[PDB]
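Q: mmCIF, C-alpha atoms, saved as final-v3.cif, coming up:
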```
data_upload
#
loop_
_atom_site.group_PDB
_atom_site.id
_atom_site.type_symbol
_atom_site.label_atom_id
_atom_site.label_comp_id
_atom_site.auth_asym_id
_atom_site.auth_seq_id
_atom_site.Cartn_x
_atom_site.Cartn_y
_atom_site.Cartn_z
ATOM 1 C CA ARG A 1 -11.508 21.905 -4.044
ATOM 2 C CA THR A 2 -10.137 19.417 -1.505
ATOM 3 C CA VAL A 3 -12.538 20.652 1.184
ATOM 4 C CA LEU A 4 -15.462 20.280 -1.222
ATOM 5 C CA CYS A 5 -14.285 16.787 -2.200
ATOM 6 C CA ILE A 6 -14.462 15.731 1.454
ATOM 7 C CA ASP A 7 -17.758 17.597 1.869
ATOM 8 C CA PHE A 8 -19.232 15.472 -0.916
ATOM 9 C CA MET A 9 -18.590 12.363 1.180
ATOM 10 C CA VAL A 10 -20.108 14.112 4.195
ATOM 11 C CA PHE A 11 -23.239 14.971 2.192
ATOM 12 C CA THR A 12 -23.579 11.535 0.578
ATOM 13 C CA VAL A 13 -23.419 9.804 3.971
ATOM 14 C CA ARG A 14 -26.783 11.468 4.707
ATOM 15 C CA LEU A 15 -28.522 9.113 2.254
ATOM 16 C CA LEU A 16 -28.522 6.400 4.933
ATOM 17 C CA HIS A 17 -31.575 8.086 6.481
ATOM 18 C CA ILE A 18 -33.707 6.799 3.590
ATOM 19 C CA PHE A 19 -33.645 3.203 4.848
ATOM 20 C CA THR A 20 -34.658 4.092 8.402
ATOM 21 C CA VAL A 21 -38.226 4.214 7.065
ATOM 22 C CA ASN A 22 -38.317 0.536 6.056
ATOM 23 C CA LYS A 23 -39.954 -1.875 8.495
ATOM 24 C CA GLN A 24 -37.372 -4.613 7.793
ATOM 25 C CA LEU A 25 -34.098 -2.662 7.521
ATOM 26 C CA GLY A 26 -35.045 -0.018 10.093
ATOM 27 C CA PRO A 27 -33.767 -2.098 13.016
ATOM 28 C CA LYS A 28 -30.585 -2.873 11.076
ATOM 29 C CA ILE A 29 -29.345 0.726 10.889
ATOM 30 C CA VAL A 30 -29.796 1.223 14.634
ATOM 31 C CA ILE A 31 -28.092 -2.113 15.359
ATOM 32 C CA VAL A 32 -25.141 -0.998 13.219
ATOM 33 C CA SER A 33 -24.556 2.082 15.384
ATOM 34 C CA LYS A 34 -23.813 -0.216 18.353
ATOM 35 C CA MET A 35 -20.780 -1.828 16.660
ATOM 36 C CA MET A 36 -18.408 1.117 17.160
ATOM 37 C CA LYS A 37 -16.989 -0.425 20.343
ATOM 38 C CA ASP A 38 -15.954 -3.542 18.421
ATOM 39 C CA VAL A 39 -14.638 -1.386 15.574
ATOM 40 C CA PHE A 40 -12.453 0.663 17.926
ATOM 41 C CA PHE A 41 -11.204 -2.437 19.752
ATOM 42 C CA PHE A 42 -10.165 -3.837 16.372
ATOM 43 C CA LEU A 43 -8.537 -0.528 15.410
ATOM 44 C CA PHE A 44 -6.530 -0.377 18.648
ATOM 45 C CA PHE A 45 -5.307 -3.970 18.333
ATOM 46 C CA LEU A 46 -4.506 -3.433 14.650
ATOM 47 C CA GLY A 47 -2.579 -0.244 15.377
ATOM 48 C CA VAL A 48 -0.495 -1.918 18.077
ATOM 49 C CA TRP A 49 0.284 -4.912 15.867
ATOM 50 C CA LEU A 50 1.065 -2.741 12.832
ATOM 51 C CA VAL A 51 3.452 -0.580 14.855
ATOM 52 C CA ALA A 52 5.271 -3.627 16.220
ATOM 53 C CA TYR A 53 5.519 -5.563 12.948
ATOM 54 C CA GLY A 54 6.322 -2.590 10.727
ATOM 55 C CA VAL A 55 9.040 -1.209 12.977
ATOM 56 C CA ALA A 56 10.625 -4.639 13.447
ATOM 57 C CA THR A 57 10.645 -5.333 9.698
ATOM 58 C CA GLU A 58 11.962 -1.859 8.846
ATOM 59 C CA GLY A 59 14.734 -2.283 11.407
ATOM 60 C CA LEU A 60 15.656 -5.695 10.014
ATOM 61 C CA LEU A 61 15.749 -4.614 6.360
ATOM 62 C CA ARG A 62 17.692 -1.352 6.900
ATOM 63 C CA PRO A 63 16.821 0.344 3.579
ATOM 64 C CA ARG A 64 19.119 3.197 2.601
ATOM 65 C CA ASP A 65 16.259 5.546 1.609
ATOM 66 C CA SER A 66 15.471 6.279 5.255
ATOM 67 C CA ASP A 67 13.526 9.494 4.722
ATOM 68 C CA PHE A 68 10.825 10.134 7.313
ATOM 69 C CA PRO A 69 7.839 9.877 4.901
ATOM 70 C CA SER A 70 9.338 6.668 3.498
ATOM 71 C CA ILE A 71 9.857 5.314 7.024
ATOM 72 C CA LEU A 72 6.232 6.011 7.924
ATOM 73 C CA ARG A 73 5.057 4.493 4.634
ATOM 74 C CA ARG A 74 7.019 1.256 5.028
ATOM 75 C CA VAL A 75 6.012 1.003 8.696
ATOM 76 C CA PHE A 76 2.253 1.616 8.402
ATOM 77 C CA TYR A 77 0.941 1.747 4.827
ATOM 78 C CA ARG A 78 2.557 -1.400 3.410
ATOM 79 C CA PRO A 79 1.662 -3.749 6.321
ATOM 80 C CA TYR A 80 -1.865 -2.330 6.229
ATOM 81 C CA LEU A 81 -2.149 -3.244 2.547
ATOM 82 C CA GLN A 82 -0.808 -6.723 3.328
ATOM 83 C CA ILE A 83 -4.110 -7.367 5.138
ATOM 84 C CA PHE A 84 -5.934 -6.976 1.800
ATOM 85 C CA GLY A 85 -3.889 -9.290 -0.419
ATOM 86 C CA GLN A 86 -1.196 -6.748 -1.375
ATOM 87 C CA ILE A 87 1.948 -8.619 -0.322
ATOM 88 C CA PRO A 88 5.091 -7.183 -1.991
ATOM 89 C CA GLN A 89 7.403 -10.200 -1.847
ATOM 90 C CA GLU A 90 9.901 -8.607 -4.242
ATOM 91 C CA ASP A 91 10.445 -5.758 -1.748
ATOM 92 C CA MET A 92 10.939 -7.966 1.338
ATOM 93 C CA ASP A 93 12.303 -11.384 0.324
ATOM 94 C CA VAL A 94 15.979 -11.231 -0.628
ATOM 95 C CA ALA A 95 15.832 -14.440 -2.686
ATOM 96 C CA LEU A 96 13.700 -12.565 -5.248
ATOM 97 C CA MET A 97 16.005 -9.527 -5.526
ATOM 98 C CA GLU A 98 19.261 -8.778 -7.338
ATOM 99 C CA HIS A 99 22.456 -9.082 -5.298
ATOM 100 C CA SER A 100 24.711 -6.033 -5.624
ATOM 101 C CA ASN A 101 27.221 -4.138 -3.480
ATOM 102 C CA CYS A 102 25.474 -0.759 -3.611
ATOM 103 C CA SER A 103 25.961 -0.046 0.095
ATOM 104 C CA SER A 104 29.395 1.064 1.268
ATOM 105 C CA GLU A 105 28.805 -0.503 4.688
ATOM 106 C CA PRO A 106 30.144 -4.036 5.258
ATOM 107 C CA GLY A 107 27.786 -6.943 4.687
ATOM 108 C CA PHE A 108 25.574 -8.183 1.875
ATOM 109 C CA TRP A 109 22.891 -6.079 0.199
ATOM 110 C CA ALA A 110 20.285 -6.488 -2.533
ATOM 111 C CA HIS A 111 18.343 -4.095 -4.747
ATOM 112 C CA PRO A 112 14.534 -4.270 -4.463
ATOM 113 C CA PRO A 113 12.742 -3.191 -7.661
ATOM 114 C CA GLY A 114 10.106 -1.266 -5.697
ATOM 115 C CA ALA A 115 9.927 2.485 -6.175
ATOM 116 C CA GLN A 116 9.379 3.321 -2.482
ATOM 117 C CA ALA A 117 10.966 0.136 -1.084
ATOM 118 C CA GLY A 118 14.437 1.601 -0.560
ATOM 119 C CA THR A 119 17.538 1.557 -2.722
ATOM 120 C CA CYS A 120 19.011 -1.559 -1.097
ATOM 121 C CA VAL A 121 18.291 -3.788 1.898
ATOM 122 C CA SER A 122 20.434 -6.042 4.070
ATOM 123 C CA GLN A 123 20.607 -9.823 3.662
ATOM 124 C CA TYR A 124 21.589 -10.783 7.220
ATOM 125 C CA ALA A 125 18.316 -12.021 8.718
ATOM 126 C CA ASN A 126 15.995 -12.205 5.712
ATOM 127 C CA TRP A 127 14.661 -15.589 6.841
ATOM 128 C CA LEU A 128 13.461 -13.807 9.974
ATOM 129 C CA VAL A 129 11.739 -11.187 7.808
ATOM 130 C CA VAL A 130 9.957 -14.031 6.007
ATOM 131 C CA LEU A 131 8.984 -15.617 9.339
ATOM 132 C CA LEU A 132 7.691 -12.259 10.597
ATOM 133 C CA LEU A 133 5.614 -11.959 7.422
ATOM 134 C CA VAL A 134 4.228 -15.452 8.060
ATOM 135 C CA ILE A 135 3.277 -14.554 11.636
ATOM 136 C CA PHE A 136 1.761 -11.242 10.503
ATOM 137 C CA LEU A 137 -0.424 -13.041 7.971
ATOM 138 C CA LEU A 138 -1.402 -15.583 10.629
ATOM 139 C CA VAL A 139 -2.412 -12.947 13.189
ATOM 140 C CA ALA A 140 -3.764 -9.970 11.234
ATOM 141 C CA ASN A 141 -5.417 -11.710 8.280
ATOM 142 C CA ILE A 142 -6.980 -14.463 10.412
ATOM 143 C CA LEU A 143 -7.114 -13.914 14.177
ATOM 144 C CA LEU A 144 -8.185 -10.258 14.277
ATOM 145 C CA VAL A 145 -10.737 -10.470 11.458
ATOM 146 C CA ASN A 146 -12.351 -13.692 12.699
ATOM 147 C CA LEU A 147 -12.451 -12.244 16.216
ATOM 148 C CA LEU A 148 -14.113 -9.074 14.917
ATOM 149 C CA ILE A 149 -16.700 -11.199 13.096
ATOM 150 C CA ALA A 150 -17.408 -13.071 16.335
ATOM 151 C CA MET A 151 -17.795 -9.810 18.270
ATOM 152 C CA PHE A 152 -20.112 -8.391 15.595
ATOM 153 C CA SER A 153 -22.328 -11.479 15.744
ATOM 154 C CA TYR A 154 -22.423 -11.369 19.550
ATOM 155 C CA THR A 155 -23.324 -7.671 19.673
ATOM 156 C CA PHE A 156 -25.968 -8.081 16.956
ATOM 157 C CA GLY A 157 -27.679 -10.897 18.829
ATOM 158 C CA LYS A 158 -27.372 -8.990 22.103
ATOM 159 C CA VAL A 159 -28.811 -5.644 20.972
ATOM 160 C CA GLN A 160 -31.341 -6.491 18.239
ATOM 161 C CA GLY A 161 -34.210 -6.542 20.744
ATOM 162 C CA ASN A 162 -33.576 -3.080 22.156
ATOM 163 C CA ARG B 1 20.327 -5.531 16.040
ATOM 164 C CA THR B 2 18.134 -8.527 15.184
ATOM 165 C CA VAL B 3 17.539 -9.299 18.868
ATOM 166 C CA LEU B 4 16.543 -5.679 19.490
ATOM 167 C CA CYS B 5 14.237 -5.734 16.453
ATOM 168 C CA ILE B 6 12.364 -8.686 17.961
ATOM 169 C CA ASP B 7 12.481 -7.049 21.399
ATOM 170 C CA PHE B 8 10.669 -4.039 19.952
ATOM 171 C CA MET B 9 7.730 -6.290 19.076
ATOM 172 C CA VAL B 10 7.881 -7.804 22.559
ATOM 173 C CA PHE B 11 7.773 -4.332 24.135
ATOM 174 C CA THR B 12 5.021 -2.998 21.862
ATOM 175 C CA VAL B 13 2.765 -5.964 22.668
ATOM 176 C CA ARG B 14 2.602 -4.562 26.223
ATOM 177 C CA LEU B 15 0.395 -1.685 25.022
ATOM 178 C CA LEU B 16 -2.614 -4.026 25.092
ATOM 179 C CA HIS B 17 -2.820 -3.466 28.861
ATOM 180 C CA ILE B 18 -4.158 0.050 28.228
ATOM 181 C CA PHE B 19 -7.569 -1.209 27.086
ATOM 182 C CA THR B 20 -8.080 -3.499 30.076
ATOM 183 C CA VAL B 21 -9.177 -0.363 31.947
ATOM 184 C CA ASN B 22 -12.179 0.320 29.694
ATOM 185 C CA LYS B 23 -15.567 -0.876 30.935
ATOM 186 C CA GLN B 24 -16.681 -1.918 27.424
ATOM 187 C CA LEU B 25 -13.516 -3.456 25.935
ATOM 188 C CA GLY B 26 -12.234 -4.885 29.224
ATOM 189 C CA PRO B 27 -14.203 -8.121 28.831
ATOM 190 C CA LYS B 28 -13.053 -8.383 25.212
ATOM 191 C CA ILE B 29 -9.341 -8.745 25.999
ATOM 192 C CA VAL B 30 -10.000 -11.533 28.502
ATOM 193 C CA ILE B 31 -12.354 -13.276 26.057
ATOM 194 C CA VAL B 32 -9.607 -13.143 23.417
ATOM 195 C CA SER B 33 -7.193 -15.088 25.632
ATOM 196 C CA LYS B 34 -9.590 -18.068 25.532
ATOM 197 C CA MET B 35 -9.294 -18.494 21.738
ATOM 198 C CA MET B 36 -5.833 -20.098 21.769
ATOM 199 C CA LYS B 37 -7.335 -23.599 21.674
ATOM 200 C CA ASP B 38 -9.148 -22.779 18.430
ATOM 201 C CA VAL B 39 -6.023 -21.079 17.078
ATOM 202 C CA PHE B 40 -3.868 -24.143 17.765
ATOM 203 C CA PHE B 41 -6.475 -26.518 16.325
ATOM 204 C CA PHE B 42 -6.440 -24.413 13.159
ATOM 205 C CA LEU B 43 -2.629 -24.374 13.128
ATOM 206 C CA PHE B 44 -2.418 -28.165 13.474
ATOM 207 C CA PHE B 45 -4.951 -28.795 10.701
ATOM 208 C CA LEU B 46 -3.256 -26.202 8.488
ATOM 209 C CA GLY B 47 0.172 -27.727 9.066
ATOM 210 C CA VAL B 48 -1.045 -31.218 8.190
ATOM 211 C CA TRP B 49 -2.790 -30.009 5.036
ATOM 212 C CA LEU B 50 0.164 -27.849 3.970
ATOM 213 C CA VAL B 51 2.582 -30.752 4.398
ATOM 214 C CA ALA B 52 0.376 -33.070 2.345
ATOM 215 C CA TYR B 53 -0.420 -30.632 -0.472
ATOM 216 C CA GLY B 54 3.048 -29.110 -0.741
ATOM 217 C CA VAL B 55 4.873 -32.430 -0.807
ATOM 218 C CA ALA B 56 2.447 -33.901 -3.346
ATOM 219 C CA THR B 57 2.750 -30.875 -5.646
ATOM 220 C CA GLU B 58 6.547 -30.741 -5.320
ATOM 221 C CA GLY B 59 6.747 -34.442 -6.142
ATOM 222 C CA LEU B 60 4.501 -34.008 -9.176
ATOM 223 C CA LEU B 61 6.360 -31.007 -10.613
ATOM 224 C CA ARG B 62 9.904 -32.382 -10.107
ATOM 225 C CA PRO B 63 11.808 -29.073 -10.394
ATOM 226 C CA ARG B 64 15.512 -29.427 -11.125
ATOM 227 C CA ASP B 65 16.575 -26.859 -8.488
ATOM 228 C CA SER B 66 16.001 -29.362 -5.684
ATOM 229 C CA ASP B 67 18.101 -27.645 -3.029
ATOM 230 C CA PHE B 68 16.882 -28.197 0.525
ATOM 231 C CA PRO B 69 15.962 -24.531 1.243
ATOM 232 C CA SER B 70 14.142 -24.405 -2.101
ATOM 233 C CA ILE B 71 12.338 -27.665 -1.294
ATOM 234 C CA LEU B 72 11.180 -26.301 2.057
ATOM 235 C CA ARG B 73 10.145 -23.014 0.434
ATOM 236 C CA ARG B 74 8.067 -24.628 -2.316
ATOM 237 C CA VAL B 75 6.535 -27.076 0.172
ATOM 238 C CA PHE B 76 5.533 -24.660 2.958
ATOM 239 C CA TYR B 77 5.945 -20.974 2.086
ATOM 240 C CA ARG B 78 4.234 -20.901 -1.318
ATOM 241 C CA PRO B 79 1.104 -22.903 -0.322
ATOM 242 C CA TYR B 80 0.856 -20.743 2.797
ATOM 243 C CA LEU B 81 0.823 -17.610 0.639
ATOM 244 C CA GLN B 82 -1.824 -19.200 -1.592
ATOM 245 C CA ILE B 83 -4.232 -18.837 1.353
ATOM 246 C CA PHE B 84 -3.868 -15.040 1.090
ATOM 247 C CA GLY B 85 -4.478 -14.508 -2.626
ATOM 248 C CA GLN B 86 -0.882 -15.123 -3.774
ATOM 249 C CA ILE B 87 -1.423 -17.878 -6.346
ATOM 250 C CA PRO B 88 1.573 -18.224 -8.720
ATOM 251 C CA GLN B 89 -0.104 -19.819 -11.738
ATOM 252 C CA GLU B 90 2.927 -19.193 -13.960
ATOM 253 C CA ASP B 91 5.044 -21.397 -11.658
ATOM 254 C CA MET B 92 2.590 -24.327 -11.478
ATOM 255 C CA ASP B 93 0.437 -24.454 -14.627
ATOM 256 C CA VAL B 94 2.369 -25.760 -17.628
ATOM 257 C CA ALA B 95 0.003 -24.159 -20.157
ATOM 258 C CA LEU B 96 1.342 -20.744 -19.077
ATOM 259 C CA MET B 97 5.042 -21.667 -19.360
ATOM 260 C CA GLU B 98 7.521 -21.996 -22.222
ATOM 261 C CA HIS B 99 8.132 -25.506 -23.553
ATOM 262 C CA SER B 100 11.831 -26.360 -23.820
ATOM 263 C CA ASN B 101 14.040 -29.448 -23.545
ATOM 264 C CA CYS B 102 16.270 -28.164 -20.740
ATOM 265 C CA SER B 103 16.210 -31.443 -18.810
ATOM 266 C CA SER B 104 18.364 -34.303 -20.070
ATOM 267 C CA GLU B 105 15.924 -36.855 -18.644
ATOM 268 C CA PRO B 106 13.280 -38.274 -21.009
ATOM 269 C CA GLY B 107 9.875 -36.616 -21.067
ATOM 270 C CA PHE B 108 8.525 -33.116 -21.578
ATOM 271 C CA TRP B 109 9.614 -30.102 -19.540
ATOM 272 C CA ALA B 110 8.801 -26.398 -19.329
ATOM 273 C CA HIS B 111 10.589 -23.348 -17.949
ATOM 274 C CA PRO B 112 8.741 -21.420 -15.213
ATOM 275 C CA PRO B 113 9.684 -17.719 -15.091
ATOM 276 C CA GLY B 114 9.764 -17.726 -11.282
ATOM 277 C CA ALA B 115 13.071 -17.031 -9.577
ATOM 278 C CA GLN B 116 12.678 -19.703 -6.867
ATOM 279 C CA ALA B 117 10.245 -21.923 -8.807
ATOM 280 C CA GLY B 118 12.879 -24.253 -10.258
ATOM 281 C CA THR B 119 14.685 -24.249 -13.578
ATOM 282 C CA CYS B 120 12.208 -26.587 -15.287
ATOM 283 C CA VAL B 121 9.238 -28.752 -14.312
ATOM 284 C CA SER B 122 7.668 -31.874 -15.787
ATOM 285 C CA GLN B 123 4.544 -31.840 -17.962
ATOM 286 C CA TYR B 124 3.272 -35.369 -17.272
ATOM 287 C CA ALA B 125 0.435 -34.798 -14.799
ATOM 288 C CA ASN B 126 0.005 -31.021 -14.821
ATOM 289 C CA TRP B 127 -3.786 -31.367 -14.947
ATOM 290 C CA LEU B 128 -3.498 -33.158 -11.609
ATOM 291 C CA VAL B 129 -1.430 -30.261 -10.248
ATOM 292 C CA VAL B 130 -4.238 -27.920 -11.318
ATOM 293 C CA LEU B 131 -6.836 -30.183 -9.677
ATOM 294 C CA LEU B 132 -4.764 -30.298 -6.481
ATOM 295 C CA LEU B 133 -4.627 -26.495 -6.525
ATOM 296 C CA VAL B 134 -8.417 -26.415 -6.922
ATOM 297 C CA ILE B 135 -8.900 -28.758 -3.960
ATOM 298 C CA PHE B 136 -6.389 -26.788 -1.871
ATOM 299 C CA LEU B 137 -8.282 -23.563 -2.528
ATOM 300 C CA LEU B 138 -11.554 -25.322 -1.700
ATOM 301 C CA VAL B 139 -10.303 -26.705 1.623
ATOM 302 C CA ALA B 140 -7.817 -24.173 3.008
ATOM 303 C CA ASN B 141 -9.330 -20.901 1.786
ATOM 304 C CA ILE B 142 -12.909 -21.905 2.649
ATOM 305 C CA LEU B 143 -13.392 -24.888 4.966
ATOM 306 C CA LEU B 144 -10.687 -24.165 7.551
ATOM 307 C CA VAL B 145 -11.286 -20.410 7.776
ATOM 308 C CA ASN B 146 -15.082 -20.680 7.983
ATOM 309 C CA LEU B 147 -14.707 -23.430 10.586
ATOM 310 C CA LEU B 148 -12.342 -21.249 12.622
ATOM 311 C CA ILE B 149 -14.863 -18.395 12.457
ATOM 312 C CA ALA B 150 -17.575 -20.748 13.724
ATOM 313 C CA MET B 151 -15.362 -21.940 16.589
ATOM 314 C CA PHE B 152 -14.473 -18.350 17.518
ATOM 315 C CA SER B 153 -18.147 -17.375 17.647
ATOM 316 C CA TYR B 154 -19.006 -20.436 19.744
ATOM 317 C CA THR B 155 -16.197 -19.827 22.242
ATOM 318 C CA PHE B 156 -17.031 -16.114 22.487
ATOM 319 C CA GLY B 157 -20.667 -16.826 23.289
ATOM 320 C CA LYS B 158 -19.660 -19.584 25.704
ATOM 321 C CA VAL B 159 -17.086 -17.658 27.756
ATOM 322 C CA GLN B 160 -18.249 -14.021 27.701
ATOM 323 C CA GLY B 161 -20.122 -14.443 30.991
ATOM 324 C CA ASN B 162 -17.172 -15.778 32.965
#
```
Go through the file and emit its structure as structure tokens.
A:
Amino acid sequence: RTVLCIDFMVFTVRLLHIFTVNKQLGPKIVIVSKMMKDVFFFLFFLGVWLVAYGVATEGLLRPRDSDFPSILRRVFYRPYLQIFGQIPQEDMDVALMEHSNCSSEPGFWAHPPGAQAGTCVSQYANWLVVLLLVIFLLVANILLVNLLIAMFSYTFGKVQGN
Amino acid sequence: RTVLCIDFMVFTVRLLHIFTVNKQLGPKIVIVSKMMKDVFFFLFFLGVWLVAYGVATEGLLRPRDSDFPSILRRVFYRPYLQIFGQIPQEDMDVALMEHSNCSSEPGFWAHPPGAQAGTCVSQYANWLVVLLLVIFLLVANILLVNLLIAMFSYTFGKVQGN
């Protein structure tokens, strides 16, 4: 069933051939195929930045539910969703959490209400977590996307004639 | 631990050197380094606008929890997050709050359910707070970002050859 569910996407992608017959949108489909270089440049930069930011934030927070799937989720999936307006402040900012001594280790800890956000996180450098979130929003949500738009426009204008 | 968490980002940034060897994306990385002027222009304009809007809104609302970290948060952090779809209407619009006489000072006050949004805010010119929010969304979410995209495209087309 899973293989067939993916195969449905593979089959439905074939419908793009219909609009290669139009005189106006025929050039567009063949221009689009030239944008993969820009797409992969964006993907490489995004992967590097996501690795850096996610690992730094996960190291700063030190959640107790440090299972490997949870580590990968909080490193990659959550910062990726932060690019699309899904910013879980209650799972990162300690001023919005409840302060409790759940952890046996010395220090101060707080309980995030998220299901996969860890049982408790540390309060030592939460202002730095907030600053890292600010810089992540500045770079990923603005610099990379605007740069990709610029590269798309440049490639379109360069390759439309051919 | 905090220093090492930042150092991990510093180290991971070095992976960008890998794609300076590609014949197609090699020019892209050196074009990107020319965009810092546009980035800093955007940052200066954004800082000026955030200062103005945040201080005006904080002065209009007059929350009772006027601690200095809270003042800085409600002036800078919240309006910055409003650029990325995080608009806390329940903390700014008085029509969505509960009306109670918590404040001893004369006037009308309401209790925002936000944790760091102040104990109670004033109801005098809330329509002006809403109008300021409208103008902030018009300027920051549209004018500045579209202008930055235009500047990025212009610089890309100007400096690709060199």
Q: Please measure the separation of CA of residue 18 (chain A) and CA of residue 6 (chain A), giving the value in Å to one decimal.
A: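 Computing the Euclidean distance for CA of residue 18 (chain A) and CA of residue 6 (chain A) yields 21.3 Å.
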Q: Adding 8 Å on each side of the box along x, y and z that holds all listed atoms of region 145-161 of chain A, could you give its centre and edge lengths in Å to one decimal, as lines of an AutoDock Vina configuration file?
A:
```
center_x = -22.5
center_y = -9.7
center_z = 16.8
size_x = 39.5
size_y = 24.0
size_z = 26.6
```
Q: Would you mind telling me which residue in B:115, B:120, B:3, B:46 lies nearest to chain A when using only C-alpha atoms?
A: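 With only C-alpha atoms as the atom set, the closest residue is B:115.
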Q: Would you mind listing, as a ChimeraX atom specification, all residues of chain B that have at least one atom within 6 Å of chain A, where only C-alpha atoms are what counts?
A: /B:5,9,12,84-85,149,153
Q: Just to confirm, what's the straight-line distance from CA of residue 29 (chain A) to CA of residue 23 (chain B) in Å (one decimal)?
A: 24.4 Å
Q: Applied to the shown file, which residues does the PyMOL selection byres ((chain B and resi 113) around 12) return, written as a PyMOL selection string?
A: (chain A and resi 96) or (chain B and resi 88-94+96-99+110-112+114-121)
Q: With all atoms listed in the file as the basis for distance, which of A:30, A:75, A:15, A:25 is at the shortest distance from residue 47 (chain A)?
A: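 Closest residue, counting all atoms listed in the file: A:75.
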Q: Please measure the separation of CA of residue 155 (chain A) and CA of residue 136 (chain A), giving the value in Å to one decimal.
A: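 Computed distance, CA of residue 155 (chain A) to CA of residue 136 (chain A), equals 26.9 Å.
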Q: I'd like to know which of A:17, A:74, A:158, A:62 is closest to residue 2 (chain B), using all atoms listed in the file.
A: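 Under the stated criterion, the closest residue is A:62.
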Q: For the structure provided, state which residues fall under the PyMOL selection byres ((chain B and resi 31) around 9), and present them as a PDB file with C-alpha atoms, in the coordinates of the input.
A:
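Listing of part20.pdb after writing:
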```pdb
ATOM      1  CA  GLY B  26     -12.234  -4.885  29.224  1.00  0.00           C
ATOM      2  CA  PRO B  27     -14.203  -8.121  28.831  1.00  0.00           C
ATOM      3  CA  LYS B  28     -13.053  -8.383  25.212  1.00  0.00           C
ATOM      4  CA  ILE B  29      -9.341  -8.745  25.999  1.00  0.00           C
ATOM      5  CA  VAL B  30     -10.000 -11.533  28.502  1.00  0.00           C
ATOM      6  CA  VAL B  32      -9.607 -13.143  23.417  1.00  0.00           C
ATOM      7  CA  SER B  33      -7.193 -15.088  25.632  1.00  0.00           C
ATOM      8  CA  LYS B  34      -9.590 -18.068  25.532  1.00  0.00           C
ATOM      9  CA  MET B  35      -9.294 -18.494  21.738  1.00  0.00           C
ATOM     10  CA  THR B 155     -16.197 -19.827  22.242  1.00  0.00           C
ATOM     11  CA  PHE B 156     -17.031 -16.114  22.487  1.00  0.00           C
ATOM     12  CA  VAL B 159     -17.086 -17.658  27.756  1.00  0.00           C
ATOM     13  CA  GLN B 160     -18.249 -14.021  27.701  1.00  0.00           C
ATOM     14  CA  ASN B 162     -17.172 -15.778  32.965  1.00  0.00           C
TER      15      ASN B 162
END
```
